[PDB]
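Heads up, entry.cif below (mmCIF, N, CA and C atoms):
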data_protein
#
loop_
_atom_site.label_atom_id
_atom_site.label_comp_id
_atom_site.auth_asym_id
_atom_site.auth_seq_id
_atom_site.Cartn_x
_atom_site.Cartn_y
_atom_site.Cartn_z
N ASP E 3124 63.02 -44.66 110.91
CA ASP E 3124 62.39 -45.95 110.61
C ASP E 3124 60.99 -46.02 111.19
N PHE E 3125 60.77 -45.42 112.36
CA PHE E 3125 59.43 -45.38 112.94
C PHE E 3125 58.43 -44.80 111.94
N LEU E 3126 58.83 -43.74 111.23
CA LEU E 3126 57.96 -43.15 110.22
C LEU E 3126 57.74 -44.07 109.03
N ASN E 3127 58.69 -44.94 108.73
CA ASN E 3127 58.51 -45.94 107.69
C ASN E 3127 57.61 -47.09 108.12
N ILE E 3128 57.26 -47.17 109.40
CA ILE E 3128 56.40 -48.26 109.87
C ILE E 3128 55.01 -48.11 109.27
N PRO E 3129 54.46 -49.13 108.62
CA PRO E 3129 53.10 -49.03 108.06
C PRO E 3129 52.02 -49.26 109.11
N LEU E 3130 51.74 -48.20 109.88
CA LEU E 3130 50.78 -48.30 110.97
C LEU E 3130 49.37 -48.53 110.44
N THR E 3131 48.62 -49.38 111.13
CA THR E 3131 47.22 -49.64 110.82
C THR E 3131 46.36 -48.94 111.88
N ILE E 3132 45.44 -48.11 111.43
CA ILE E 3132 44.56 -47.34 112.30
C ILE E 3132 43.14 -47.87 112.13
N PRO E 3133 42.44 -48.23 113.20
CA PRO E 3133 41.10 -48.81 113.05
C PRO E 3133 40.06 -47.74 112.75
N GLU E 3134 38.83 -48.21 112.55
CA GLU E 3134 37.70 -47.32 112.33
C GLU E 3134 37.18 -46.82 113.68
N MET E 3135 37.10 -45.50 113.83
CA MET E 3135 36.65 -44.89 115.08
C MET E 3135 35.54 -43.90 114.79
N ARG E 3136 34.61 -43.80 115.74
CA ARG E 3136 33.53 -42.82 115.67
C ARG E 3136 33.87 -41.67 116.62
N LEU E 3137 34.01 -40.48 116.07
CA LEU E 3137 34.44 -39.34 116.87
C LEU E 3137 33.39 -39.02 117.93
N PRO E 3138 33.80 -38.64 119.14
CA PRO E 3138 32.81 -38.29 120.17
C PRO E 3138 31.99 -37.07 119.77
N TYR E 3139 30.75 -37.03 120.26
CA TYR E 3139 29.84 -35.90 120.07
C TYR E 3139 29.44 -35.70 118.62
N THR E 3140 29.52 -36.74 117.79
CA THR E 3140 29.12 -36.63 116.39
C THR E 3140 28.84 -38.01 115.84
N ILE E 3141 28.20 -38.04 114.67
CA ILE E 3141 27.78 -39.29 114.04
C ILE E 3141 28.78 -39.69 112.96
N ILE E 3142 29.93 -39.02 112.93
CA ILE E 3142 30.94 -39.27 111.91
C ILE E 3142 31.80 -40.46 112.33
N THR E 3143 31.98 -41.40 111.42
CA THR E 3143 32.84 -42.57 111.63
C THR E 3143 33.94 -42.54 110.58
N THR E 3144 35.14 -42.12 110.98
CA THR E 3144 36.23 -41.94 110.03
C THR E 3144 36.71 -43.29 109.50
N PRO E 3145 37.21 -43.32 108.26
CA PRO E 3145 37.68 -44.59 107.70
C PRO E 3145 38.94 -45.06 108.40
N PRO E 3146 39.16 -46.37 108.49
CA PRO E 3146 40.43 -46.86 109.03
C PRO E 3146 41.57 -46.63 108.06
N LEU E 3147 42.78 -46.61 108.61
CA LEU E 3147 44.00 -46.45 107.83
C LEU E 3147 44.78 -47.76 107.87
N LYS E 3148 45.16 -48.26 106.70
CA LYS E 3148 45.82 -49.55 106.57
C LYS E 3148 47.25 -49.34 106.09
N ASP E 3149 48.20 -49.94 106.81
CA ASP E 3149 49.61 -49.90 106.43
C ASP E 3149 50.07 -48.46 106.17
N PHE E 3150 49.76 -47.58 107.12
CA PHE E 3150 50.02 -46.15 106.98
C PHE E 3150 51.49 -45.88 107.32
N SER E 3151 52.35 -46.11 106.33
CA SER E 3151 53.77 -45.76 106.44
C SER E 3151 53.93 -44.37 105.84
N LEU E 3152 53.90 -43.35 106.71
CA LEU E 3152 53.91 -41.97 106.22
C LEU E 3152 55.15 -41.69 105.39
N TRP E 3153 56.32 -42.16 105.85
CA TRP E 3153 57.55 -41.86 105.13
C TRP E 3153 57.51 -42.40 103.70
N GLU E 3154 56.73 -43.46 103.47
CA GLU E 3154 56.69 -44.09 102.15
C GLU E 3154 55.40 -43.80 101.40
N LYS E 3155 54.26 -43.83 102.09
CA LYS E 3155 52.98 -43.60 101.43
C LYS E 3155 52.82 -42.18 100.91
N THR E 3156 53.58 -41.23 101.44
CA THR E 3156 53.60 -39.87 100.92
C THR E 3156 54.69 -39.65 99.88
N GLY E 3157 55.47 -40.68 99.56
CA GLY E 3157 56.49 -40.60 98.54
C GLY E 3157 57.84 -40.12 99.01
N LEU E 3158 57.98 -39.75 100.28
CA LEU E 3158 59.27 -39.26 100.77
C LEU E 3158 60.35 -40.33 100.66
N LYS E 3159 60.01 -41.58 100.99
CA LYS E 3159 60.97 -42.67 100.82
C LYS E 3159 61.46 -42.72 99.38
N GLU E 3160 60.53 -42.71 98.42
CA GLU E 3160 60.91 -42.73 97.01
C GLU E 3160 61.63 -41.45 96.61
N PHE E 3161 61.15 -40.30 97.09
CA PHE E 3161 61.68 -39.02 96.63
C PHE E 3161 63.12 -38.82 97.07
N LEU E 3162 63.39 -39.01 98.37
CA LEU E 3162 64.71 -38.74 98.93
C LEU E 3162 65.64 -39.94 98.88
N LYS E 3163 65.16 -41.11 98.47
CA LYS E 3163 65.95 -42.33 98.41
C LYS E 3163 66.46 -42.77 99.77
N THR E 3164 65.79 -42.35 100.85
CA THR E 3164 66.26 -42.65 102.19
C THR E 3164 65.08 -42.88 103.11
N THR E 3165 65.32 -43.65 104.18
CA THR E 3165 64.33 -43.90 105.22
C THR E 3165 64.61 -43.10 106.49
N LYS E 3166 65.56 -42.17 106.44
CA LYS E 3166 65.94 -41.38 107.61
C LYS E 3166 66.60 -40.10 107.12
N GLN E 3167 67.25 -39.38 108.04
CA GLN E 3167 67.95 -38.14 107.72
C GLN E 3167 69.33 -38.18 108.36
N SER E 3168 70.36 -38.22 107.53
CA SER E 3168 71.75 -38.13 107.97
C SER E 3168 72.41 -36.97 107.23
N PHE E 3169 72.91 -36.00 107.99
CA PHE E 3169 73.45 -34.77 107.43
C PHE E 3169 74.87 -34.57 107.92
N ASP E 3170 75.77 -34.23 107.00
CA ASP E 3170 77.17 -33.95 107.33
C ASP E 3170 77.56 -32.64 106.66
N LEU E 3171 77.91 -31.65 107.47
CA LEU E 3171 78.35 -30.34 106.98
C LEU E 3171 79.79 -30.11 107.40
N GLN S 4180 -1.43 -29.54 113.96
CA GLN S 4180 -1.25 -30.98 113.96
C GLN S 4180 0.03 -31.38 113.24
N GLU S 4181 0.28 -30.77 112.08
CA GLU S 4181 1.49 -31.10 111.33
C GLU S 4181 2.74 -30.77 112.14
N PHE S 4182 2.76 -29.60 112.78
CA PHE S 4182 3.92 -29.21 113.57
C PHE S 4182 4.08 -30.10 114.80
N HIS S 4183 2.96 -30.51 115.41
CA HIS S 4183 3.01 -31.51 116.47
C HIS S 4183 3.77 -32.75 116.01
N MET S 4184 3.38 -33.28 114.86
CA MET S 4184 4.04 -34.47 114.34
C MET S 4184 5.53 -34.21 114.09
N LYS S 4185 5.85 -33.08 113.47
CA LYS S 4185 7.24 -32.78 113.16
C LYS S 4185 8.08 -32.66 114.43
N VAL S 4186 7.54 -32.00 115.45
CA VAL S 4186 8.30 -31.80 116.69
C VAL S 4186 8.53 -33.12 117.40
N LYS S 4187 7.51 -33.97 117.49
CA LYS S 4187 7.72 -35.26 118.14
C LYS S 4187 8.73 -36.10 117.37
N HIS S 4188 8.66 -36.07 116.03
CA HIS S 4188 9.66 -36.78 115.24
C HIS S 4188 11.06 -36.24 115.50
N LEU S 4189 11.19 -34.92 115.60
CA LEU S 4189 12.50 -34.32 115.86
C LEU S 4189 13.06 -34.78 117.19
N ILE S 4190 12.23 -34.80 118.24
CA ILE S 4190 12.70 -35.25 119.54
C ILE S 4190 13.12 -36.72 119.48
N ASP S 4191 12.31 -37.55 118.83
CA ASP S 4191 12.64 -38.97 118.73
C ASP S 4191 13.97 -39.17 118.00
N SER S 4192 14.18 -38.43 116.91
CA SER S 4192 15.44 -38.54 116.18
C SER S 4192 16.61 -38.03 117.02
N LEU S 4193 16.39 -36.95 117.78
CA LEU S 4193 17.46 -36.39 118.60
C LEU S 4193 17.92 -37.38 119.66
N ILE S 4194 16.99 -38.15 120.22
CA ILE S 4194 17.38 -39.14 121.23
C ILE S 4194 18.40 -40.11 120.65
N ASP S 4195 18.10 -40.68 119.48
CA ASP S 4195 19.03 -41.62 118.86
C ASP S 4195 20.31 -40.93 118.42
N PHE S 4196 20.22 -39.69 117.96
CA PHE S 4196 21.42 -38.95 117.58
C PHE S 4196 22.36 -38.80 118.77
N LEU S 4197 21.80 -38.47 119.94
CA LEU S 4197 22.61 -38.36 121.15
C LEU S 4197 23.19 -39.71 121.55
N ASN S 4198 22.42 -40.79 121.39
CA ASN S 4198 22.92 -42.11 121.77
C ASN S 4198 23.92 -42.67 120.76
N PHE S 4199 24.01 -42.10 119.56
CA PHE S 4199 24.83 -42.69 118.51
C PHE S 4199 26.32 -42.71 118.84
N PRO S 4200 26.95 -41.60 119.23
CA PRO S 4200 28.42 -41.56 119.26
C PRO S 4200 29.02 -42.51 120.28
N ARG S 4201 30.34 -42.67 120.18
CA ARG S 4201 31.14 -43.50 121.07
C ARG S 4201 32.19 -42.63 121.75
N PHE S 4202 32.75 -43.14 122.85
CA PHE S 4202 33.69 -42.39 123.66
C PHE S 4202 34.92 -43.23 123.98
N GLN S 4203 36.09 -42.58 123.96
CA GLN S 4203 37.35 -43.20 124.35
C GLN S 4203 38.14 -42.20 125.17
N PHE S 4204 38.78 -42.69 126.23
CA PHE S 4204 39.58 -41.85 127.11
C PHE S 4204 40.85 -42.60 127.49
N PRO S 4205 41.93 -41.87 127.83
CA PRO S 4205 43.16 -42.56 128.24
C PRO S 4205 43.08 -43.13 129.64
N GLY S 4206 42.47 -42.40 130.58
CA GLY S 4206 42.38 -42.89 131.94
C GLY S 4206 41.38 -44.00 132.13
N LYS S 4207 40.35 -44.06 131.28
CA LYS S 4207 39.33 -45.08 131.38
C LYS S 4207 39.58 -46.14 130.31
N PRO S 4208 39.96 -47.37 130.67
CA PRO S 4208 40.24 -48.38 129.65
C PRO S 4208 39.03 -48.65 128.77
N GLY S 4209 39.30 -48.92 127.49
CA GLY S 4209 38.26 -49.30 126.56
C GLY S 4209 37.55 -48.11 125.94
N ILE S 4210 36.61 -48.43 125.06
CA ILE S 4210 35.80 -47.45 124.35
C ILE S 4210 34.38 -47.55 124.89
N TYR S 4211 33.83 -46.42 125.33
CA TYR S 4211 32.53 -46.36 125.97
C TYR S 4211 31.51 -45.69 125.06
N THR S 4212 30.32 -46.28 124.98
CA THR S 4212 29.21 -45.63 124.31
C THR S 4212 28.60 -44.57 125.24
N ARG S 4213 27.55 -43.91 124.76
CA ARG S 4213 26.91 -42.87 125.56
C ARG S 4213 26.33 -43.44 126.85
N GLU S 4214 25.52 -44.49 126.73
CA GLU S 4214 24.82 -45.02 127.89
C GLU S 4214 25.78 -45.71 128.85
N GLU S 4215 26.80 -46.39 128.33
CA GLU S 4215 27.79 -47.02 129.21
C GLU S 4215 28.52 -45.97 130.04
N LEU S 4216 28.95 -44.89 129.40
CA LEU S 4216 29.62 -43.82 130.12
C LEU S 4216 28.69 -43.18 131.14
N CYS S 4217 27.43 -42.97 130.76
CA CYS S 4217 26.46 -42.41 131.70
C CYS S 4217 26.28 -43.31 132.91
N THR S 4218 26.19 -44.62 132.69
CA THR S 4218 26.04 -45.55 133.80
C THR S 4218 27.25 -45.52 134.72
N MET S 4219 28.45 -45.51 134.13
CA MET S 4219 29.67 -45.47 134.94
C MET S 4219 29.69 -44.20 135.79
N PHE S 4220 29.34 -43.06 135.18
CA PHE S 4220 29.29 -41.82 135.94
C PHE S 4220 28.25 -41.89 137.04
N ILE S 4221 27.09 -42.48 136.76
CA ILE S 4221 26.05 -42.60 137.78
C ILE S 4221 26.59 -43.36 138.98
N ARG S 4222 27.19 -44.53 138.74
CA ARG S 4222 27.68 -45.34 139.85
C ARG S 4222 28.75 -44.60 140.64
N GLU S 4223 29.75 -44.05 139.94
CA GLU S 4223 30.86 -43.40 140.63
C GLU S 4223 30.38 -42.20 141.44
N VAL S 4224 29.53 -41.37 140.83
CA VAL S 4224 29.04 -40.18 141.52
C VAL S 4224 28.23 -40.59 142.75
N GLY S 4225 27.33 -41.56 142.59
CA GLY S 4225 26.52 -41.98 143.72
C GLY S 4225 27.36 -42.48 144.87
N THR S 4226 28.31 -43.38 144.59
CA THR S 4226 29.11 -43.94 145.68
C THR S 4226 29.97 -42.87 146.34
N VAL S 4227 30.63 -42.02 145.55
CA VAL S 4227 31.52 -41.02 146.13
C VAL S 4227 30.73 -40.04 146.99
N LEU Q 4276 19.36 -33.62 152.81
CA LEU Q 4276 20.27 -32.90 151.93
C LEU Q 4276 21.16 -33.87 151.16
N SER Q 4277 21.71 -34.87 151.85
CA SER Q 4277 22.53 -35.87 151.16
C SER Q 4277 21.72 -36.61 150.10
N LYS Q 4278 20.51 -37.03 150.48
CA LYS Q 4278 19.68 -37.80 149.55
C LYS Q 4278 19.34 -36.99 148.30
N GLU Q 4279 19.01 -35.71 148.47
CA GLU Q 4279 18.69 -34.88 147.31
C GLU Q 4279 19.94 -34.53 146.51
N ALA Q 4280 21.06 -34.31 147.20
CA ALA Q 4280 22.29 -33.90 146.53
C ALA Q 4280 22.80 -34.99 145.60
N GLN Q 4281 22.78 -36.25 146.05
CA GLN Q 4281 23.26 -37.31 145.17
C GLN Q 4281 22.47 -37.34 143.87
N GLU Q 4282 21.14 -37.31 143.97
CA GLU Q 4282 20.30 -37.39 142.78
C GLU Q 4282 20.49 -36.17 141.88
N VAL Q 4283 20.53 -34.97 142.46
CA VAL Q 4283 20.64 -33.77 141.64
C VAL Q 4283 22.00 -33.73 140.94
N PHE Q 4284 23.07 -34.10 141.65
CA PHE Q 4284 24.39 -34.13 141.02
C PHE Q 4284 24.44 -35.17 139.91
N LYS Q 4285 23.79 -36.32 140.10
CA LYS Q 4285 23.71 -37.29 139.02
C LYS Q 4285 22.97 -36.71 137.82
N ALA Q 4286 21.88 -35.98 138.07
CA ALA Q 4286 21.10 -35.42 136.97
C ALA Q 4286 21.90 -34.37 136.20
N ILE Q 4287 22.66 -33.53 136.91
CA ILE Q 4287 23.34 -32.40 136.27
C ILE Q 4287 24.35 -32.88 135.23
N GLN Q 4288 24.87 -34.09 135.40
CA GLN Q 4288 25.97 -34.58 134.57
C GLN Q 4288 25.50 -35.23 133.27
N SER Q 4289 24.32 -34.86 132.77
CA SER Q 4289 23.79 -35.39 131.51
C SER Q 4289 23.54 -36.89 131.60
N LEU Q 4290 23.23 -37.38 132.79
CA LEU Q 4290 22.97 -38.80 133.02
C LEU Q 4290 21.48 -39.14 132.95
N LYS Q 4291 20.62 -38.15 132.67
CA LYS Q 4291 19.18 -38.36 132.58
C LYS Q 4291 18.62 -37.83 131.27
N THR Q 4292 19.43 -37.78 130.21
CA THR Q 4292 19.02 -37.11 128.98
C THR Q 4292 17.83 -37.80 128.34
N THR Q 4293 17.83 -39.13 128.29
CA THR Q 4293 16.77 -39.84 127.57
C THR Q 4293 15.42 -39.64 128.24
N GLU Q 4294 15.35 -39.86 129.55
CA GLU Q 4294 14.08 -39.70 130.26
C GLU Q 4294 13.59 -38.26 130.20
N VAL Q 4295 14.51 -37.30 130.37
CA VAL Q 4295 14.13 -35.90 130.30
C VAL Q 4295 13.59 -35.56 128.92
N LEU Q 4296 14.24 -36.07 127.87
CA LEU Q 4296 13.77 -35.80 126.51
C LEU Q 4296 12.39 -36.40 126.26
N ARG Q 4297 12.16 -37.62 126.75
CA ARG Q 4297 10.84 -38.23 126.57
C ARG Q 4297 9.77 -37.45 127.33
N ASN Q 4298 10.07 -37.01 128.55
CA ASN Q 4298 9.12 -36.20 129.30
C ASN Q 4298 8.85 -34.88 128.59
N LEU Q 4299 9.90 -34.28 128.02
CA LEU Q 4299 9.72 -33.05 127.25
C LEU Q 4299 8.85 -33.28 126.03
N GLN Q 4300 9.03 -34.42 125.36
CA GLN Q 4300 8.18 -34.76 124.22
C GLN Q 4300 6.72 -34.86 124.66
N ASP Q 4301 6.48 -35.54 125.78
CA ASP Q 4301 5.11 -35.67 126.28
C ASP Q 4301 4.52 -34.31 126.61
N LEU Q 4302 5.30 -33.45 127.27
CA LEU Q 4302 4.81 -32.13 127.64
C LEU Q 4302 4.52 -31.28 126.41
N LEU Q 4303 5.39 -31.36 125.40
CA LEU Q 4303 5.16 -30.62 124.16
C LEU Q 4303 3.89 -31.09 123.47
N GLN Q 4304 3.66 -32.41 123.46
CA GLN Q 4304 2.41 -32.92 122.89
C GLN Q 4304 1.21 -32.41 123.68
N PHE Q 4305 1.33 -32.36 125.00
CA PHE Q 4305 0.25 -31.80 125.83
C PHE Q 4305 -0.02 -30.34 125.47
N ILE Q 4306 1.04 -29.55 125.28
CA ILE Q 4306 0.86 -28.15 124.92
C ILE Q 4306 0.23 -28.04 123.54
N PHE Q 4307 0.62 -28.92 122.61
CA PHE Q 4307 0.00 -28.91 121.29
C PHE Q 4307 -1.49 -29.20 121.38
N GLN Q 4308 -1.87 -30.17 122.22
CA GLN Q 4308 -3.29 -30.45 122.41
C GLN Q 4308 -4.02 -29.25 123.00
N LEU Q 4309 -3.39 -28.58 123.97
CA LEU Q 4309 -3.99 -27.37 124.53
C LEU Q 4309 -4.19 -26.31 123.45
N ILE Q 4310 -3.20 -26.13 122.58
CA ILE Q 4310 -3.30 -25.14 121.52
C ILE Q 4310 -4.44 -25.50 120.57
N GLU Q 4311 -4.56 -26.78 120.22
CA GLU Q 4311 -5.65 -27.20 119.35
C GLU Q 4311 -7.00 -26.94 120.00
N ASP Q 4312 -7.11 -27.23 121.30
CA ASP Q 4312 -8.35 -26.94 122.01
C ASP Q 4312 -8.67 -25.46 121.99
N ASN Q 4313 -7.65 -24.62 122.20
CA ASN Q 4313 -7.87 -23.17 122.19
C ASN Q 4313 -8.31 -22.69 120.81
N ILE Q 4314 -7.72 -23.25 119.75
CA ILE Q 4314 -8.12 -22.87 118.39
C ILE Q 4314 -9.56 -23.26 118.14
N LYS Q 4315 -9.94 -24.48 118.55
CA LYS Q 4315 -11.33 -24.91 118.38
C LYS Q 4315 -12.27 -24.00 119.15
N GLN Q 4316 -11.89 -23.62 120.38
CA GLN Q 4316 -12.71 -22.69 121.15
C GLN Q 4316 -12.87 -21.37 120.42
N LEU Q 4317 -11.75 -20.79 119.97
CA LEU Q 4317 -11.81 -19.52 119.26
C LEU Q 4317 -12.73 -19.62 118.05
N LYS Q 4318 -12.69 -20.74 117.34
CA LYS Q 4318 -13.62 -20.95 116.25
C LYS Q 4318 -15.06 -20.97 116.76
N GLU Q 4319 -15.28 -21.60 117.92
CA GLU Q 4319 -16.64 -21.68 118.45
C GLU Q 4319 -17.17 -20.31 118.85
N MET Q 4320 -16.41 -19.56 119.66
CA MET Q 4320 -16.83 -18.23 120.12
C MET Q 4320 -16.33 -17.14 119.19
N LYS Q 4321 -16.87 -17.06 117.97
CA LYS Q 4321 -16.47 -16.03 117.03
C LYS Q 4321 -16.98 -14.66 117.47
N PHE Q 4322 -16.28 -13.61 117.07
CA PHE Q 4322 -16.58 -12.24 117.49
C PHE Q 4322 -17.47 -11.50 116.51
N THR Q 4323 -17.91 -12.15 115.43
CA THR Q 4323 -18.66 -11.45 114.39
C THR Q 4323 -20.00 -10.93 114.88
#

I need this file expressed as structure tokens, please.
Amino acid sequence: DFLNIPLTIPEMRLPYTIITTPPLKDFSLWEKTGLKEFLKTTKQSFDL
Amino acid sequence: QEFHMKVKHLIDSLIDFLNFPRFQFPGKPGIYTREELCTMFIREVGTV
Amino acid sequence: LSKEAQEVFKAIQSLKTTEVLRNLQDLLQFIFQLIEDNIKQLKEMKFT
């Protein structure tokens, strides 16, 4: 579920450079990468 | 004369380029710019 | 020794970059003026 959390990342300027990376909004990796949709699950439960 | 102008312009641009970035550390609360971090180091080094 | 050590240690830590860069700019401009004077002299005292 932690991976399903849509984390928001602010705009930061990396040290020792003039690059300012874009912020990330509602960054739910488990879902924004399609894994939630692909596997139909928000976690991993395995029974062998 | 032309190279004189170019070199002085390069130094002037380099000053701002060095001052541009920002700094963040886990042990030091907050995000520090170049001059703020330099000032903090000056004070701490001098007193210690 | 203490008085000099505090200042030199402060300088070594990149805490004087702006002033050093401006002084370097001034010195480079001085050297450029010297070069221009030498070129003008060489033009004046031709070897022909």

Within 6.5 Å of chain E: residues of chain S, using only N, CA and C atoms, as an NGL selection string: :S and (4199-4202)

Return as a PyMOL selection string the set of residues that the PyMOL selection byres ((chain Q) within 8 of (chain S)) yields on the displayed structure. chain Q and resi 4281-4282+4284-4286+4288-4293+4296-4297+4299-4301+4303-4304+4307-4308+4311

Distance in Å - atom N of residue 3144 (chain E) versus CA of residue 4211 (chain S): 15.8 Å

Write out as a ChimeraX atom specification the set of residues from chain S that DSSP, computed on the backbone, places in alpha helix (DSSP H). /S:4181-4198,4213-4226

In Å, how far is it from CA of residue 3152 (chain E) to CA of residue 4205 (chain S)? 24.5 Å
